[PDB]
Amino acid sequence: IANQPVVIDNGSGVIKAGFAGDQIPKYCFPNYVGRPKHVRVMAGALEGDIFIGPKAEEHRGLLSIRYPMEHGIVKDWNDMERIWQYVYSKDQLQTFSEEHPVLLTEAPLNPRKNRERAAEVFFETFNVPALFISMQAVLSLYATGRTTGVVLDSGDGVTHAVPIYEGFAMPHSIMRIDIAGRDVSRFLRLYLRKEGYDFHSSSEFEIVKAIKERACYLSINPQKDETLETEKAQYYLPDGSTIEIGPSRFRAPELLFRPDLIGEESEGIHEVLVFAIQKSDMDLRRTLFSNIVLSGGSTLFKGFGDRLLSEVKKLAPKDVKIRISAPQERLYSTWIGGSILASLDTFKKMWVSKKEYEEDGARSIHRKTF
Amino acid sequence: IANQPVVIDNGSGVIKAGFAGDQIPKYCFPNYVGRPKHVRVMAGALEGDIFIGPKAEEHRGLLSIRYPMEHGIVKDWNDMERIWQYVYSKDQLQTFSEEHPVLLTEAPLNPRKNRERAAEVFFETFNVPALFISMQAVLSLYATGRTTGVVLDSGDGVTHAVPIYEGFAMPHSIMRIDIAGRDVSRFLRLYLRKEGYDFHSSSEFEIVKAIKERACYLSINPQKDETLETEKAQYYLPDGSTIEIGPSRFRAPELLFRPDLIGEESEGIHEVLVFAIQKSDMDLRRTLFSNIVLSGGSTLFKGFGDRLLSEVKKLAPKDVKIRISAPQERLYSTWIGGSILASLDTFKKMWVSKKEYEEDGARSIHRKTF
Amino acid sequence: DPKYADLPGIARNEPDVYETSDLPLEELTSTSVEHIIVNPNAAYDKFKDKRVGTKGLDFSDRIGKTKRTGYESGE
Amino acid sequence: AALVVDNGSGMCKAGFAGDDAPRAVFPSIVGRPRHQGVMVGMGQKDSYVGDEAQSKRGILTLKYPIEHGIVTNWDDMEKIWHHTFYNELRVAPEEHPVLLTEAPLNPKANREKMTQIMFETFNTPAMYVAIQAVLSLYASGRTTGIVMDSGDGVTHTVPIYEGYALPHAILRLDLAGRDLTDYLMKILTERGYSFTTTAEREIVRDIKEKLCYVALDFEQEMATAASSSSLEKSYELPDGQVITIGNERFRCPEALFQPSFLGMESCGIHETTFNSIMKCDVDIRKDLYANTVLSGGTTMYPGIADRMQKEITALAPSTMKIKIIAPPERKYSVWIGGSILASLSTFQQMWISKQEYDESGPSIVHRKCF
Ligand SMILES: Nc1ncnc2c1ncn2[C@@H]1O[C@H](COP(=O)(O)OP(=O)(O)OP(=O)(O)O)[C@@H](O)[C@H]1O
Ligand SMILES: Nc1ncnc2c1ncn2[C@@H]1O[C@H](COP(=O)(O)OP(=O)(O)O)[C@@H](O)[C@H]1O
Ligand SMILES: Nc1ncnc2c1ncn2[C@@H]1O[C@H](COP(=O)(O)OP(=O)(O)O)[C@@H](O)[C@H]1O
């Protein structure tokens with residue numbers, strides 16, 4: 001169509017959206033559906049019963065938090081349809097879901113049926129003229145202007161490292177473990193339960209997320225600081241109650257580097273990056289160690305980069321210039337790269353036209369997406 | 001059939017009534033049945049043995065008063081039928097019961113037998129074409145014209161807090177203590193016996209109620225009034241004598257805040273509001289402390305709001321804004337809001353017609369109003 | 001306003017509002033990473049004239065040729 | 001010569017090692033009388049503990065010291081322990097090592113203050129704190145299986161395969177017997193029987209222990225109870241008063257399977273066990289579905305294994321052998337297991353000696369608990 005496409009950063013924590021060709025996503029709202037758990041009695045109360053966006057955040061106590069995307073995989077198609085309609089409604093974009101192309105981000109190595117049913121929604125419920133599902137790493141490289149680099153991101157629920165050497169993504173070195181922000185938050189909830197401060201409501205888990213995002217520093221020395229004793233700084237709840245955090249503030253974000261804590265054998269973030277670099281070729285790992293690009297909100301902890309340097313220096317060979325290059329608008333890097341990709345003249349050649357999907361279907365989707 | 005709806009605001013102490021739209025209930029009187037002391041054998045005395053309101057207040061030392069409602073539960077249904085008939089009689093409304101819609105009030109957590117028997121009366125004796133047994137907190141919110149708020153009403157027998165957040169009533173956050181004005185008067189009589197005067201009759205107990213309503217102040221520190229000597233403000237009895245009350249005027253309203261001093265187990269008014277807020281969600285307490293709605297006649301003590309502010313400051317966390325909204329129409333906020341709610345156009349779906357009640361019966365009431 | 005005269009218990013000198021005094025990031029500045037300022041204009045000007053040829057490509061698990069390399073041409 | 005004390009949020013099952021049934025079986029309740037200015041004369045105690053407070057319950061205020069497995073008042077718990085040691089077993093704790101049972105996922109402060117009290121106050125030589133589910137599995141005569149313990153304040157599930165625990169697949173739910181008591185109290189108030197004070201809570205829990213059973217098909221049983229009336233049984237209070245309960249019998253333990261009746265926003269006990277099984281390894285789920293062990297006093301409801309088996313059967317796959325193990329001695333499973341453990345020839349190295357507490361302190365419990 002002779003209009004501008006929509007770049008939807010379909011993340012698991014914050015489903016960022018906006019029109020292509022912009023510079024900052026104008027509509028950033030969390031990825032959850034809010035349904036009231038109480039019973040309305042007094043007239044003139046709120047209606048709709050399905051709160052999404054700032055309405056759910058403004059009134060958390062009324063509704064029950066339910067996430068539709070668990071570890072990057074859509075688990076509630078009805079909730080994702082409602083969130084997508086919420087994006088196309090007058091409260092978020094006011095346009096039509098049948099007069100603009102859609103740039104839908106997606107984590108790598110996801111199941112095939114997610115892509116299939118996602119395009120089924122966008123081409124059957126919504127009748128979009130063109131849909132192009134894409135990786136998050138390529139988009140981050142698009143936004144950073146680089147072409148090389150290993151994109152090590154960590155969103156709310158999926159951590160992965162996709163090495164790319166001048167636009168040639170190696171589809172076998174891609175590592176991906178489902179241990180990120182939401183799971184770290186859940187582990188933090190467990191730690192807080194061990195401390196004495198319990199939180200069990202769904203509308204209270206986001207308060208736990210706020211505690212995760214405010215005072216959680218990653219220590220350089222894990223066991224050396226584990227055997228010590230901190231000063232136990234406090235935190236202020238929205239209720240006004242004061243909570244002493246204790247050792248959970250540094251023992252909870254270590255899950256990204258020790259997935260054994262949650263009780264699941266896998267690799268840490270540093271092992272994900274190092275194995276993603278070592279699964280590549282000999283003549284490419286020097287540039288990839290010198291070109292590491294971060295992304296994702298779970299990489300914003302205090303001391304995350306320092307601990308990555310320590311771990312990588314422990315694993316990478318000696319005398320190799322390691323360079324971690326993270327951006328400043330880390331939470332919006334994927335969306336900015338989506339804006340740059342969708343604002344290109346060549347973007348019309350790489351999507352999936354509606355007629356193409358009507359002619360073939362799933363095969364065309366898998367044929368045009370990575 | 002349709003006419004002007006009547007808001008029969010019941011209650012343990014003062015049954016109030018009046019048509020919708022009216023901002024003042026023109027027919028208010030204390031809720032009781034008057035019968036003479038000596039059993040009648042002939043005429044020449046208080047004939048008919050049935051006095052209510054003005055004719056009940058016509059004579060005091062010649063009547064035995066029997067309350068029909070205790071703690072919001074109707075014990076004598078015949079007496080309530082006679083009081084409702086008195087409302088429909090030649091002295092209170094002079095209207096027809098089978099023509100006007102009738103709104104009804106009830107305290108929360110009441111037994112189902114009360115509602116079933118009340119509808120049996122209002123659909124068999126007085127065949128009212130529209131009956132909606134509403135609550136007693138939601139109505140105060142309609143009167144104040146406020147969405148949020150913690151309604152803390154205090155009638156003659158029940159004090160209950162129901163924190164309603166924007167039309168959503170949380171049923172599990174309801175605290176209900178069976179202590180109020182009638183028990184305040186009973187323990188006031190108990191303290192008056194320590195002063196020197198004694199009362200031993202129901203009408204004499206209403207004289208004690210008049211003593212309570214004229215002078216009963218709540219100091220922030222009752223021990224300061226205990227150490228000092230009060231000036232013993234006199235009170236001209238209705239019989240013609242005078243009584244120097246003394247310290248019992250302030251020792252009696254301590255019941256609602258410290259019922260453990262007498263020997264009864266409860267939490268108190270301040271703890272009813274505090275525990276009602278604490279049972280709510282973590283994200284709503286900051287707004288529920290700043291939205292406190294008072295109601296009922298027992299909240300009419302000198303210094304009630306100041307002592308309630310001090311006790312809430314003791315229990316609630318620090319730096320939390322509290323706004324105990326004390327309206328002027330507290331004795332009629334339930335009736336005023338009932339008139340506002342009954343005057344609405346959406347209110348048509350709330351009631352139940354006579355035929356609709358005859359369809360099922362009890363289940364029809366409980367299904368349509370809840 | 002006229003609810004004072006017509007009703008007995010509606011008292012005056014009532015402070016309607018009992019209240020209290022209404023009393024009145026650092027993670028990007030690390031020495032490990034190299035913070036990069038994202039500029040969509042510079043990146044858009046960089047990738048302004050770079051075409052992508054999608055003539056007969058595949059990404060699925062179809063094994064007919066030897067290898068499979070999508071996005072062949074350009075400008 | 002070891003002491004096995006099972007301190008739950010309700011009863012306090014205590015006795016000697018090697019014994020089959022415990023000696024001390026009493027409700028862990030403390031109670032101060034109604035403090036009034038009047039006197040008593042001819043002596044009485046200051047705080048009745050155990051059956052003393054259970055028989056003199058007409059005037060004292062029942063205050064449990066443990067709320068949801070958390071010792072909320074160490075002085076009251078110290079009084080119960082002193083009463084147990086020097087009055088129910090009639091033996092000083094210095095000549096014997098003790099064995100305490102705590103709930104899993106218990107806040108560390110309880111697990112440490114318990115040790116501090118057992119060493120500094122009673123001068124005990126050795127104390128070990130074991131998880132109640134582990135002991136229930138010991139008493140069930142199996143080394144493989146999942147324990148669905150349910151106390152009055154806590155309810156948890158712990159899977160143990162071949163003697164090894166899974167500390168990450170352990171769930172915990174606060175929806176236990178005391179919450180059921182509160183729910184039954186509220187619905188009995190709804191049927192017209194106000195059980196307000198704490199002294200009435202023992203009567204309503206007695207009703208729960210005597211006439212409450214688990215319905216198989218709750219909707220069908222509820223429809224037949226609303227249709228017929230043969231299910232309505234009678235019960236006598238301590239007074240000559242007699243009551244009748246129709247729905248309450250089967251609707252009281254329905255909260256265990258449906259936590260939405262209490263607004264918990266959680267999963268029922270059946271799906272809690274299901275999720276605890278699913279969080280384990282995929283190769284050992286057959287044994288867990290076969291060796292499902294119930295324990296605690298809240299599983300003593302008549303006809304509960306059928307409900308658990310039906311619900312798990314509906315949840316677990318069709319090719320699984322769903323088997324529920326419910327021994328008639330499951331009310332003392334934790335104590336029996338404590339007896340077995342304390343009398344083992346290997347357990348002597350598993351203690352915590354006095355000098356170990358003298359050297360390390362309260363932090364040795366976490367390295368020696370489990
Ligand atoms: N026959 C019965 N039917 C239903 N519930 C019962 C029955 N007998 C006892 N109960 C309930 O079981 C609970 C007994 O708790 P329990 O025996 O589990 O001790 P506890 O203090 O919870 O410690 P633990 O969980 O370690 O045993 C009480 O709340 C009681 O209400
Ligand atoms: N300062 C912080 N410390 C730790 N975690 C954070 C911080 N800021 C954001 N997060 C986490 O990062 C997540 C957002 O990451 P993001 O890459 O946006 O996920 P998605 O791509 O799914 O939206 C949030 O779930 C939040 O928990
Ligand atoms: N000015 C007052 N001072 C003291 N007590 C009062 C005052 N006004 C009313 N009361 C008490 O409050 C009761 C009236 O409260 P109300 O809300 O009308 O009760 P109900 O809702 O049961 O009719 C009376 O029984 C009386 O004991």
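All positions are counted from 1 along the displayed chain.
Note: Cβ is positioned from N, Cα and C throughout, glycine not excepted.
Record features (Swiss-Prot):
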- D:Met39: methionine (R)-sulfoxide (MOD_RES)
- D:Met42: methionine (R)-sulfoxide (MOD_RES)
- D:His68: tele-methylhistidine (MOD_RES)
- D:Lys79: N6-methyllysine (MOD_RES)
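Of the candidate modified residues, D:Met39, D:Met42, D:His68, the one lying closest to the residue listed as 'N6-methyllysine' when CA atoms are compared is D:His68. When the Cα atoms are compared, D:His68 (tele-methylhistidine) and D:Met39 (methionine (R)-sulfoxide) turn out to be 36 Å apart. For the recorded site, the residue listed as 'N6-methyllysine', the DSSP three-state label reads helix.
Around the Cβ of the residue listed as 'tele-methylhistidine', 21 further Cβ atoms fall within 10 Å across all displayed protein chains. Counting Cβ atoms from all protein chains shown, D:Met39 (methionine (R)-sulfoxide) has 5 others lying within 10 Å of its own Cβ.
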